[PDB]
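The block underneath contains the structure these notes are about, expressed in C-alpha cells.
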Amino acid sequence: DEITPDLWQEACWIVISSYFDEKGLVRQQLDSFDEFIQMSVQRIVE
Amino acid sequence: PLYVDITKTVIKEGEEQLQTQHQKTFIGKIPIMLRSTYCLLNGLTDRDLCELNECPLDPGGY
Amino acid sequence: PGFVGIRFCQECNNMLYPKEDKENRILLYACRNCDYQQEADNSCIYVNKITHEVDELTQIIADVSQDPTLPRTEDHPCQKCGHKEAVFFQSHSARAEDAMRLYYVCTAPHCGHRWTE
Amino acid sequence: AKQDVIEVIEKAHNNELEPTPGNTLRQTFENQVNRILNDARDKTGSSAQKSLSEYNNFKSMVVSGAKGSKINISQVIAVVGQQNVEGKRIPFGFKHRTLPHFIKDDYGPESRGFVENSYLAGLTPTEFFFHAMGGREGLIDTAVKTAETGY
Amino acid sequence: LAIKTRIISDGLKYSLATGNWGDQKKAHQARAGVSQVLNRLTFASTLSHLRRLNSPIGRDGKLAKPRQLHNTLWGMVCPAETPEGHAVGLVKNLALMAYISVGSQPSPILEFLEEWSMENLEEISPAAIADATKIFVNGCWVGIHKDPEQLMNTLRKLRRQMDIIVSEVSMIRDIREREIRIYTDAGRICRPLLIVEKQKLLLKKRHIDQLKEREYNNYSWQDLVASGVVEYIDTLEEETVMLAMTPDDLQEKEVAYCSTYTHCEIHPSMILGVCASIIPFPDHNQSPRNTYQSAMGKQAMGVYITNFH
Amino acid sequence: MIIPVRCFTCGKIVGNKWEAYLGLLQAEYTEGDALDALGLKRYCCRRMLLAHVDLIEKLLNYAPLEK
RNA sequence: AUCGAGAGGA
Ligand SMILES: [Zn+2]
Ligand SMILES: [Zn+2]
Ligand SMILES: [Zn+2]
C-alpha cells in the first residue's frame, strides 16, 4: 500500500516520466498562445 | 486570416434603424505559433509530420 | 506612565483635541469642529517611548499554532492548561531584531496561551 | 561543530549570550557561529592535508605551486565550507526561511548554508542551491567590477 | 474600404521580426530582447531558448540585487543556467518541472465564497475585521471570514478534486496577518509537489502501478492530479508549505525536526534546467563550472534537427 | 547517425556488428552479453557499440527528393 | 555599403 524506500527511486521517476509525457517542455508557450488566440482576442474585440 | 463579424445599425431620426451584419470581415493575418492548436501540425502523428518534412521531435513554440 | 489614545466627539464623531479653560485650568478635550467639549481624566497629552519597552506577547496572536512551518516542542509545557506541546519562534520584528528570546504559543485549541521562559 | 552551534542557539534562546562590546546581540551570535564553523573547516582541512601522502597528485601540484591550494584540497576531500552571500550567511529569502524545507527561525549551519559534505562525496540539494548562490555572487562581482576598474 | 488589415498584419509582423515590443514609430521607446531568432545550433540550445526568461533591469545596471540568485528561485529557475557576460543574473532559464499559470476567471471562486460564511465588505460591521480574517481574490479585498482554517481546508479540498477551483489557482493563507490570498491570474510560476498526509505520502503503490501501464489504461498525469496526490504550488504558496525533500524525511527519528510536513518533492534534481541536466554528477562540481557547462552545451555540435536535409 | 566502420581508439571493425547487436538485444541478451558474443573485449569497442544512436533510420522516414 | 538590435568568445 505504501511506497517502500527500495521502490521509491523507481516510483518517482515513473511519476516524472508521466509528467513529461503528458505536459511536454514547451507547454507554457503552447498554452499561453492558446489562451491568447482563444479568449484574449475576443476580450479585446468586445 | 482573422475574420470579425461587424453589425452596423444606421440611426438618423424617426426610429429609422436597420442593422446590417457584415459577417466574416477580414481584419488581418495573425502569425500562428508552430505546434499550437491552430497550426496545421497540431495533433498530427509522427508519420504525417515526416510526410510534411517536419521533425517529430521539434517542440514548436515559435 | 502609560500610553494615551485619541477621543471622539459625540456629535460629529471627530477627534477631540487638547484644550484648556484658564478659569479652572481643568484638562479639557474640546472638539475643534463643533462646540462640544469634554473633561479629561488621564492628565496626559503625549508620550514618546524611545526605549519602546513593550511586551511582544500583546502583539503575538494565538492562531499561529496552526502553522505547519514553525517548530514545536514538548519540553516547555503551557502554564495555563498543562498541555505538553508548544510552538515557539522569535520576535522577528523591528526594534526587536536582537533579543532572540523564544515566544511560546500553546498548541491545544481554546487555550492559545502565549508565554516566554 | 554542529553540537557547538546548537549550544550557541540554545544560549541565545535562553538570553544567556552577553553581547561583546561594539556589536549587537545578533552580531555577536553570528560572529561566534561563523568562528566555530570556520575553525571546524580549518581543522578538517588540516586533517586532510595530514592524510595526504607523498604520492598524492593534489599535494604534488600544490607544493610545486603549479596549481591548486590547501583550500582546494580541503574542499575536495573534507568539507566545502560555509557559503556566504554579501559577506553574511544565506539570507532568509522566504518568510524567515532560507528554503521551504526548513522551519522558521532556524539558524543552524545546514539552514544558513554550511555545506557539510565535500566535492568527492557530493552535496545535498540545499547545499547545491547555496553553492549556486555563492558562484552567482562571484560571477556578479567578476562581471561588475570591470567597468569601474577600466575607468 | 474603411477598414485596413495592413495595420494589424504589418504591426504583428514587425514586432515579431524586429523584437521591438511596441509601436513602429517609438522604436527607441520600445523594449528589445523579445522575439529573438531561434537558436538552432543544437537541440539543447533550442529547448533552452524556448524555455528562457529575462528581467528588464538593463545590462548597464551595476546593482547586484537583481542579478543575485534569490532563495525564491528554487524549483522554478535553474540555479546554474545564466549567461556569463553582461546579462548574468538577468536572463534565466525555466526549471525542468516548472509550469506557469495561464490564467482563469475567479467568478466560480467568488461564488463559492459567497455560498460559504464569507461576508461581503459592504455588509460587515466595521468592528468585525480586527479579529476575523481578510480574503483577497486576485488582489481585491472581497470580504472577511471567521473560520480561516476550515475555509482553507475546504478550498484545498475543492482544488484537489478538479472542482470549480482549477489546479493552477493559488491559495495562500498568511497567519501572522489575517489575510487570505487567492490568486488566479496568469504569469504565476508553480511546480508539482506531492501532497503529504499526517506524516505519510499520499502517492501509493496503486497510483504507481496504474502509471506503469500508462499506455494501456490511459492513467496519466491528469489522473494523478485529479486523484489528489500531486498539487501545483506557486511561489507565494511555498512560504506556507513545509517541504519534505524525500520520503526518507518523513520517517520517525530519534530527534524530531519537523514532524508536520505538508508536501514532498517528486525528485530533487528537478531544480535543474535543460542544459544543466546534461551534467553528470553536478553535485561534485564547483558552481561556476556548472554555469560554464550550461552555457557551453548550447554551443555543443550534433544533430540540431532530424529534418536538416 | 550511422554505425562507424572502426573503433576510434584501436581501429577494430565495428561497422558489421550493429545488426547482430540489435538481434541479440531482441533475443533477450544483456547488452554486455551481446558485446561479449560479438567479441568486443576492449571497452573502447564496447563504448563504440553501447553508446551508438542510429539516426539513419529516422532520416529514412522522410521521402527522397528525387524519384 | 550605413544605422540599430540581438546572440555570443576571451
Ligand atoms: Zn465635534
Ligand atoms: Zn495551554
Ligand atoms: Zn576499440
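All positions are counted from 1 along the displayed chain.
Here the Cβ of each residue, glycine as well, is placed from N, Cα and C on the backbone.
Taken from Swiss-Prot, the feature Zn(2+) 1 binding site applies to C:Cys9, C:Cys12, C:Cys31, C:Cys34. With a 10 A radius on its CB, C:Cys34 (Zn(2+) 1 binding site) counts 12 other CB atoms from all the protein chains.
The Cβ of C:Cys106 (Zn(2+) 2 binding site) has 25 neighbouring Cβ atoms from other residues within 10 Å, across all protein chains displayed. Residues or ranges marked as Zn(2+) 2 binding site by Swiss-Prot: C:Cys78, C:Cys81, C:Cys106, C:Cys111.
Per Swiss-Prot, the feature zinc finger maps to C:9-34 (among others); the stated evidence is sequence analysis. Listed as Cβ neighbours of the zinc finger (C:9-34) (distance under 8 Å, sequence separation of 6 or more from its ends, same chain) are residues 40-43, 45.
The zinc finger annotation in Swiss-Prot covers C:74-116 (among others), and the record cites sequence analysis as its basis. Sequence-distant contacts of the zinc finger (C:74-116) (same chain, six or more residues past either end, CB-CB distance under 8 Å): 52, 56-57, 59-60, 62-65, 67.
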8 Å Cβ shell about C:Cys9, C:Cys12, C:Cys31, C:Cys34 centroid, Zn(2+) 1 site members excluded: C:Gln10, C:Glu11, C:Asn13, C:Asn14, C:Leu16, C:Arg32, C:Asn33, C:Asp35, C:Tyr36
Sparsest Cβ surroundings (other CB atoms within 10 Å) among the binding-site residues C:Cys81, C:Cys111: C:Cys81
C:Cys12 (Zn(2+) 1 binding site) versus binding-site residues C:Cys81, C:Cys106, C:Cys111 - nearest by Cα: C:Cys111
Proximal but sequence-remote residues of the same chain as C:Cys9 (Zn(2+) 1 binding site) (Cβ under 8 Å, at least 6 apart): C:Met15, C:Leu16, C:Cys31, C:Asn33, C:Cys34, C:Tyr36
Residues among the binding-site residues C:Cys9, C:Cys12, C:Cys34, C:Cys78, C:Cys106 that border ligand 2 - Cβ under 6 angstroms, in sequence order: C:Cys78, C:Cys106
Local Cβ density at C:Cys31 (Zn(2+) 1 binding site) - other Cβ atoms counted within 10 Å: 21
Contacting binding-site residues for ligand 1, chosen from C:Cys34, C:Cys106, C:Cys111 when the Cβ sits under 6 angstroms of any of its atoms: C:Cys34
C:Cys12 (Zn(2+) 1 binding site), number of other Cβ atoms within 10 Å: 11
